[PDB]
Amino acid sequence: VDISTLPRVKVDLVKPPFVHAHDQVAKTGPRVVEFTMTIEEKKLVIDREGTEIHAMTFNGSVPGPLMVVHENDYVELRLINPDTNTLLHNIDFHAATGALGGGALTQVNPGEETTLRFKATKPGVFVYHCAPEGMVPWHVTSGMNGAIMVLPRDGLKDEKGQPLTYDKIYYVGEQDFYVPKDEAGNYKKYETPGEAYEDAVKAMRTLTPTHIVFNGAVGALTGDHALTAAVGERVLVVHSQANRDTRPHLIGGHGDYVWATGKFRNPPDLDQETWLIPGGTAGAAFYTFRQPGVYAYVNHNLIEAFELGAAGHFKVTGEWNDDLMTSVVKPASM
C-alpha cells in the first residue's frame, strides 16, 4: 500500500524505566508512527564515589527511551543533533532492514538533523544504538543506546494461543562503562573528547567494565525511584544490553514467561530463575507477583550486581501468603 495514505500518529516519549502509553491490541491498521529524539552530550555522575563521565545520550537519558509500535507499522524518527554538542552521531535500529539498521543514512554533525523511516517487519524487543564508522564501541559504551518494542498486532500470546496481557511495563537498560584508569587504579579525567579517545580505546580493550549500572547510575532504581507493583499484578520487564551478555534474575521471584532473546514469534521459556540476554540484544520477562515486600532485580553475576552497580529494587504492596512461604521458627539462640 501507498505510505502517504496510511494513518499517522505522533508519539511523545518518557524517561526510562517508564514507557510511553500505547495499546497492546492495535486499534488501527498499519500506521506511520512519528518520533523525535534530541541527542544530548552531558556530564553524568555514575556512582556513589562521585565518578563523573561524559555521557552520549538519546533524549538526555541512559538508556535512551523505549519506543513502542506494532508489527508492520512504519517508524519515522526525526533525529536532532544540536550545535551545543561536539560529536558526530547516527542511529542503528536492530528492528530495521537495510543500510546498517539506518546508521548509513542518519549521520548528523552538530547543528544538523535528519528523518529516517523503516518498516517494523518483525515482532519483538530490539536494541537501537549510535554507531559512527570508526568509533562505534566508544559511543555505545558512553550510554548511546536504547530499545524499541514491536508488539504483534493482536498483543502477546502464550504457546496455547491465549493472550498474555501485562498490567504494567518497565524498561531496564543495562550499561557497561569503561572509565580509563591509571596504573594505580584511579580514574582519569580529560579536557576534550578527543584527548580522552585513545584512553577510552585502551580501557575498552581490557574488556573489563569499571561499572555496570541500570538506568545510568549505581542505585538509580532504588529508594524513591524503586520500581513498584501490587500482589497479583502482571508486569513485563524489558531488559537490554547493547554490548555485553547479562543474566537477569528477580530475587524472590521468577520469569513466568521469558523471551530471553526477545522475539515474540517464538514460544517463551517458562518458570525461569535466570536467563541469558546476549550483548547486542533486548529480552523480555513476564511475571505475576505473589508476595509483597522488597525484591532486588539483578544481573546474577553478583559481583557485577552488588559491587559494580547492576541491581535495582521493586517495592510490592499487598498481603503476605504463608502457604507460599513462612518462618516456622524465627532466628534464635540454640
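Superpose the two forms; the largest set of C-alphas matching within 1.5 Å is the rigid core. Note that residue numbering begins at 1 and tracks the sequence as displayed.
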{"property": "Between 229 to 237 and 176 to 184, the one whose CA atoms sit farther away in 7 other deposited structures of this protein (rigid core aligned)", "result": "176 to 184"}
{"property": "Between 126 to 134 and 155 to 163, the one whose CA atoms sit farther away in 7 other deposited structures of this protein (rigid core aligned)", "result": "155 to 163"}
{"property": "Mean C-alpha B-factor comparison - 251 to 259 and 180 to 188, higher one", "result": "180 to 188"}
{"property": "117 to 125 set against 156 to 164, stretch whose average Cα temperature factor tops the other in the entry", "result": "156 to 164"}
{"property": "Peak C-alpha temperature factor (PDB record), options 28, 301, 274, 281", "result": "28"}
{"property": "Per the PDB entry, maximal CA B factor within 85, 246, 97, 141", "result": "85"}
{"property": "Within-chain third of residue 21 by Cα B-factor, per the entry", "result": "highest"}
{"property": "Where the record places residue 65 (Cα B-factor, split into thirds across the chain)", "result": "lowest"}
{"property": "Position of residue 78 among the chain's modelled residues by C-alpha B-factor, lowest, middle or highest third", "result": "middle"}
{"property": "Chain third (lowest, middle, highest) by recorded CA B-factor, residue given as residue 234", "result": "middle"}
{"property": "Third of the chain's Cα B-factor distribution that residue 268 belongs to, per the entry", "result": "middle"}
